[PDB]
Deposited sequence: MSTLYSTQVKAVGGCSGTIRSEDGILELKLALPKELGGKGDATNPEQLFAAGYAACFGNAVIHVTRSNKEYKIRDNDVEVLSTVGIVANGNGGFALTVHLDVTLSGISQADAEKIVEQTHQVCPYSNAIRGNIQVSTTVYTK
């Protein structure tokens, strides 16, 4: 199948640097978090991943819902992205998702979230390398 949408982001200046999308829309400063001895002044790869995953997973829920018989405003995702030390003195990403769906039964929410992980390109991207944990809430 052919690519539906493609975008480019340039990163310069290292841990302290900037990201800028090639059209200029998204531009921001990066900082090492304080936990890694930086200023915590600005965003970082972990937070950008959390943001993208939270948005991607919420959109994927609506893709699932339109395939079958829930609105955009019935869906909330909280991504918790962490960094854990591996053996060889590098880092691995961890991910926990809190998914809140309004107006649906506990059973239906569990089914929708399971199917959403099969649709969501972030989930498909990281499967087997990051064990994503998910908690499903209803409201």
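- Gaps between the deposited sequence and the modelled structure occur only at positions 70-72.
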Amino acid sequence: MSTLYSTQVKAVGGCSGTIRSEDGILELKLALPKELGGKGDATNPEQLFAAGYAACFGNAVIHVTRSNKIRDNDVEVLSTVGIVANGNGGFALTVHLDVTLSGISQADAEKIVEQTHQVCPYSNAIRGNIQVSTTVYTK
From here on, numbers count along this sequence of modelled residues.
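- For the pair 24-32 and 40-48, the mean B factor over Cα atoms is greater in 24-32.
- Legend: mean Cα B-factor per stretch from the PDB entry, 84-92 versus 60-68; the higher mean is in 84-92.
- Note on the listed residues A11, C15, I126, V119: the highest Cα temperature factor in the record is that of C15.
- Among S105, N73, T100, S79, the highest C-alpha B-factor in the deposited entry belongs to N73.
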